[PDB]
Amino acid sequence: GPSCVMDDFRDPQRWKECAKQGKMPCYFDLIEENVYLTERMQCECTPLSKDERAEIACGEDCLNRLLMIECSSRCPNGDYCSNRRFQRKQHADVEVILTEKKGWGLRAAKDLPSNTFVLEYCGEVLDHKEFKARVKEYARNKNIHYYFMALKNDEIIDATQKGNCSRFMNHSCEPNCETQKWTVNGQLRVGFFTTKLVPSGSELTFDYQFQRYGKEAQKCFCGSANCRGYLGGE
């Protein structure tokens, strides 16, 4: 299948013409951060010494990391903090590919260890009313793909028009990634993390959970032994 790299999405001109030759996915508005449609301290880690750096600054036992909170610039490890990954776009090396049946997908360019941050899932943040409106909007238009992720009560990310390359991650009944919900400046975000070692060339997948709506659920083509046959939480 045609591949491309995250850098390819930076040139919209080169992208729009790549898309017409189907060597790239359909155009969408690229964003490095979530957009609210309707508008809405620190850890006690011990500052590591610099030859200790040759131990993890803000590791397993960090008060913020334990609450899935990122540190700010005011972290007692300042620059050396390993818990600012979302903020520093410390994304994994991932390519975008055409799958047999699922549309476009993500694959690992290098071997990703377990428990590795992949990408933030970015989009427009909708309330429940905005969501329900859009689902019928999209259904009405006979859209083939759906890009919704539950963030919390009355907050659902919609990657349909605006997002980044996280929106290409396909669902699998038997996945190699999970979502983790992380707090950054008192604002909740969501990102993909490997749950095991993902060999280079491998498609990244996660187990999409989401309350079902309507009658015709999308069929799963994951090919897993334990395939539930349908996408959604049901």
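Note that residue numbering follows the sequence shown and begins at 1. Heads up, when I say rigid core I mean the largest set of C-alphas that superpose within 1.5 Å between the two forms.
Asks: Figure out for me whether 116-124 or 142-150 is the more displaced stretch in 9 other deposited structures of this protein, taking RMS C-alpha distance from the shown form once the rigid core is superposed.
Replies: Output: 142-150, the stretch lying farther off on average in 9 other deposited structures of this protein.
Asks: Quick check: by Cα RMS after rigid core superposition, does 67-75 or 127-135 differ more from this form in 9 other deposited structures of this protein?
Replies: Of 67-75 and 127-135, the stretch deviating more in 9 other deposited structures of this protein is 127-135.
Asks: Per the record, how many residues of the deposited chain fall between residue 54 and residue 55 without being modelled: none, 1 to 3, 4 to 9, or 10 or more?
Replies: Gap size class: 1 to 3 residues without coordinates, per the record.
Asks: With respect to the deposited sequence, how many residues separating residue 40 from residue 41 are not represented by coordinates: none, 1 to 3, 4 to 9, or 10 or more?
Replies: The entry has 10 or more unmodelled residues between residue 40 and residue 41.
Asks: Averaging C-alpha B-factors over each stretch, which comes out higher, 43-51 or 65-73?
Replies: Result of the comparison: 43-51.
Asks: Among 35, 165, 198, 188, where is the Cα B factor highest in this entry?
Replies: So the option with the highest C-alpha B-factor is 198.
Asks: Could you look up the Cα B-factor of residue 222 in the entry and say which third of the chain it sits in: lowest, middle or highest?
Replies: Middle third, going by the recorded CA B-factors of the chain.
Asks: Which third, lowest, middle or highest, does the CA B-factor of residue 153 fall in along this chain?
Replies: According to the entry, residue 153 has a C-alpha B-factor in the chain's highest third.
Asks: Splitting the chain's C-alpha B-factors into thirds, which one does residue 112 fall into?
Replies: For residue 112, the deposited C-alpha B-factor lands in the highest third.
Asks: Once the chain's modelled residues are ordered by C-alpha B factor and cut into thirds, is residue 143 in the lowest, middle or highest one?
Replies: Its C-alpha B-factor, which the entry lists for residue 143, ranks in the middle third among residues of this chain.
Asks: Comparing residue 79 with the other modelled residues of its chain, is its CA B-factor in the lowest, middle or highest third?
Replies: CA B-factor rank for residue 79: middle third.
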